[PDB]
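Taking the form deposited in one PDB entry, here's one chain by itself in C-alpha coordinates.
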(Lines give C-alpha, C1' and ligand atoms only; values in the text may rest on other atoms or scores of the structure.)
Protein backbone atom coordinates (compact mmCIF):
# COMPACT_ATOMS: atom_id res chain seq x y z
CA UNK A 1 0.00 0.00 0.00
CA UNK A 2 0.91 3.65 -0.55
CA UNK A 3 1.44 6.38 2.03
CA UNK A 4 1.08 10.14 1.52
CA UNK A 5 3.96 12.17 3.02
CA UNK A 6 4.47 15.95 3.27
CA UNK A 7 8.09 17.10 2.86
CA UNK A 8 8.43 20.59 4.33
CA UNK A 9 11.28 23.11 4.12
CA UNK A 10 12.17 25.93 6.49
CA UNK A 11 10.47 28.46 4.18
CA UNK A 12 7.25 26.46 4.87
CA UNK A 13 7.16 25.00 1.33
CA UNK A 14 5.51 21.58 0.97
CA UNK A 15 6.20 18.86 -1.59
CA UNK A 16 3.66 16.04 -1.31
CA UNK A 17 4.75 12.47 -2.03
CA UNK A 18 2.71 9.28 -2.43
CA UNK A 19 5.23 6.45 -1.97
CA UNK A 20 5.11 2.77 -1.05
CA UNK A 21 5.41 2.09 2.67
CA UNK A 22 8.01 -0.63 1.98
CA UNK A 23 10.31 1.47 -0.25
CA UNK A 24 13.62 3.12 0.68
CA UNK A 25 13.21 6.80 1.39
CA UNK A 26 16.40 7.40 -0.63
CA UNK A 27 14.14 7.54 -3.69
CA UNK A 28 12.14 10.32 -2.02
CA UNK A 29 15.30 12.21 -1.00
CA UNK A 30 16.52 12.11 -4.61
CA UNK A 31 13.17 13.32 -5.98
CA UNK A 32 12.90 16.16 -3.47
CA UNK A 33 16.43 17.39 -4.27
CA UNK A 34 15.87 17.36 -8.00
CA UNK A 35 12.58 19.17 -7.38
CA UNK A 36 14.44 21.96 -5.59
CA UNK A 37 17.45 21.75 -7.90
CA UNK A 38 20.02 21.18 -5.12
CA UNK A 39 22.51 18.39 -4.46
CA UNK A 40 21.08 15.60 -2.33
CA UNK A 41 24.10 15.60 -0.02
CA UNK A 42 23.39 19.21 0.96
CA UNK A 43 19.99 18.33 2.46
CA UNK A 44 19.05 16.52 5.67
CA UNK A 45 15.66 14.84 6.11
CA UNK A 46 14.24 14.49 9.61
CA UNK A 47 11.20 12.62 10.92
CA UNK A 48 10.30 13.86 14.40
CA UNK A 49 13.91 14.98 14.82
CA UNK A 50 15.43 11.64 13.76
CA UNK A 51 17.78 11.60 10.75
CA UNK A 52 16.23 9.59 7.92
CA UNK A 53 18.74 7.12 6.50
CA UNK A 54 18.64 6.14 2.85
CA UNK A 55 17.67 2.56 3.72
CA UNK A 56 14.69 3.57 5.90
CA UNK A 57 11.03 2.92 5.14
CA UNK A 58 7.85 4.73 6.13
CA UNK A 59 6.89 1.36 7.64
CA UNK A 60 10.09 0.97 9.70
CA UNK A 61 9.86 4.54 11.01
CA UNK A 62 6.21 4.24 11.98
CA UNK A 63 4.91 6.90 9.62
CA UNK A 64 1.16 7.29 9.14
CA UNK A 65 -0.82 8.98 6.41
CA UNK A 66 0.03 12.66 5.78
CA UNK A 67 2.97 12.65 8.21
CA UNK A 68 5.61 15.37 7.89
CA UNK A 69 9.28 15.03 6.95
CA UNK A 70 11.25 18.19 7.72
CA UNK A 71 14.15 19.19 5.43
CA UNK A 72 17.15 21.31 6.45
CA UNK A 73 20.11 22.53 4.42
CA UNK A 74 23.77 22.01 5.22
CA UNK A 75 25.00 24.46 7.88
CA UNK A 76 28.56 25.78 8.17
CA UNK A 77 30.08 28.36 10.50
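Residue numbers count along the first chain shown, from 1.
Set 54-62 against 7-15 and average the Cα temperature factors; 54-62 ends up higher. Looking at mean Cα B-factors across 65-73 and 16-24, the upper value is held by 16-24.
Compared with the other modelled residues of the chain, the Cα B-factor recorded for residue 41 ranks in the highest third.
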